Trainee: 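Have a look at this one.
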Amino acid sequence: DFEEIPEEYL
Amino acid sequence: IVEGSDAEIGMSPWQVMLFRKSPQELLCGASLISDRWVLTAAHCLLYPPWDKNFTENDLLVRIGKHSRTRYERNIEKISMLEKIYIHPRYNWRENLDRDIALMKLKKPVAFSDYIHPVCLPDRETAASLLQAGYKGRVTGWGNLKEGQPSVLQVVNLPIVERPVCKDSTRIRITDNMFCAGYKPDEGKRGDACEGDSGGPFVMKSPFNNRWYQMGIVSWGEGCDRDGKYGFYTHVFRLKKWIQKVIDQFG
Amino acid sequence: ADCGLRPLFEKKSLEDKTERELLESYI
Ligand SMILES: N=C(N)c1ccc(CNC(=O)[C@@H]2CCCN2C(=O)CNC2CCCCCCC2)cc1
Ligand code: NA
Ligand code: NA
């Protein structure tokens, strides 16, 4: 369901 | 939230999303009370019956959000936990008494049109506004029905007289709790549901037009059932513990 | 200090669509 959070936040 | 409405943009700038890293998923509601401190329900981090006990590293904070699933580029800020503080006498074994917790952020978040802390009440604000029939507002990205919303939902609900609260349930209710909701006699309806947990029950002071967090979304039996009501942690009652933790861990 | 005042509402003196409902309940 959830869009990709930036991996910078891990 | 059931029988609620989409939030306006900038409506709940203190609304916070508890998000799981892996699998990436909404965990709970929560709220911004300072540029480094978020307020939530203890059961969001610790509920042994459901093998629930999160560590700081397992989680992320998402402030300034409106869309549930989207990564709101240039709007939301996503933060990390430096330490979790749970109320020492949170009662998860019986009735979720003192369902309250603090989360301290790694670095401060920056305030914006979409990001701003809510106030915590003074004894006098609470005495003034925590009255049967006065209404508060609950917000969250939880279940629409006892399904998933696209954006933040909002409902206004009247606070309910303690006897009624107690008479609605077999659970031992406490002074660290209040219930809210319409009666089945009142016509309108609406409630918090699964996923709204840790979200804020807020009221606007008619004395200084500021917004005050009076409750935390804690439990209920089903969602929006006739003659059932939402129960919320009484934030003022545990306020001494809140300032202690904050006073003790800067 | 600045708590509870929303940049997009109170700070600009705009009212959201249902906040009057709370007010009118503070009977
Ligand atoms: N206002 C509502 N309708 C509402 C309903 C549910 C929730 C979410 N919270 C929950 O689901 C909580 C967390 C752990 C077990 N919960 C329950 O709601 C479990 N059911 C009962 C309720 C009474 C107190 C605790 C003892 C066990 C039996 C939040 C809000
Ligand atoms: Na009862
Ligand atoms: Na109900």
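Both ligands and their constituent atoms are indexed starting at 1 by order of listing. Side chains are part of it too, since the values below use all heavy atoms of this structure and drop only hydrogens, waters and symmetry mates. Order of the sequence lines fixes the chain letters, A, B, ..., with proteins taken first and strands second; residue numbering starts at 1 for each chain.
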Trainee: Tell me which protein heavy atom sits closest to atom 29 (C) of ligand 1, plus the residue, atom name and distance to 0.1 Å.
Mentor: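 In this structure, atom 29 (C) of ligand 1 has B:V217 CG1, 3.8 Å as its nearest protein heavy atom.
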
Trainee: When you measure from atom 13 (C) of ligand 1 to every protein heavy atom, which one gives the shortest distance, and what is it?
Mentor: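 Going by distance alone, atom 13 (C) of ligand 1 is nearest to B:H43 CD2, 3.6 Å.
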
Trainee: What protein heavy atom lies closest to atom 14 (C) of ligand 1? Include the residue and the distance to one decimal.
Mentor: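 Minimum-distance protein heavy atom for atom 14 (C) of ligand 1 reads B:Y47 CZ, 3.3 Å.
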
Trainee: Which protein non-hydrogen atom lies closest to atom 2 (C) of ligand 1, naming both residue and atom, and how far is it?
Mentor: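 Result: B:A192 O, 2.9 Å.
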
Trainee: Quick one: how many protein N/O/S atoms are under 3.0 Å away from the Na ion (ligand 3)?
Mentor: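 That number is 2, waters not included.
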
Trainee: May I ask you to determine how many protein N/O/S atoms are under 3.0 Å from the Na ion (ligand 2)?
Mentor: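 Considering protein N, O and S only, the Na ion (ligand 2) has 2 within range.
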
Trainee: Counting heavy atoms only, which part of B:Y229 comes closer than 4.0 Å to ligand 1: side chain, backbone, both or neither?
Mentor: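 Near ligand 1, B:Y229 shows nothing, with every heavy atom at 4.0 Å or more.
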
Trainee: Using heavy atoms and a 4.0 Å limit, tell me yes or no: is B:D196 in contact with ligand 1?
Mentor: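 It does not; every heavy atom stays at 4.0 Å or beyond.
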
Trainee: With a cut-off of 4.0 Å, which atoms of ligand 1 are near a heavy atom of B:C223?
Mentor: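 Atoms satisfying the 4.0 Å criterion: 3 (N).
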
Trainee: Heavy-atom distances under 4.0 Å are what count here, so tell me which part of B:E94 touches ligand 1: side chain, backbone, both or neither.
Mentor: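 Under 4.0 Å from ligand 1, B:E94 contributes backbone atoms alone.
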
Trainee: Answer side chain, backbone, both or neither: which part of B:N95 comes under 4.0 Å from ligand 1, heavy atoms only.
Mentor: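 For B:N95, only backbone atoms sit under 4.0 Å from ligand 1.
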
Trainee: Identify the closest protein heavy atom to atom 9 (N) of ligand 1: which residue and atom is it, and at what distance?
Mentor: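 For this ligand atom, the closest protein heavy atom is B:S218 O, 3.1 Å.
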
Trainee: If you have a sec, work out which protein heavy atom is nearest atom 5 (C) of ligand 1 and how many Å separate them, to one decimal?
Mentor: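 Heavy-atom neighbour on the protein nearest atom 5 (C) of ligand 1: B:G220 N, 3.3 Å.
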
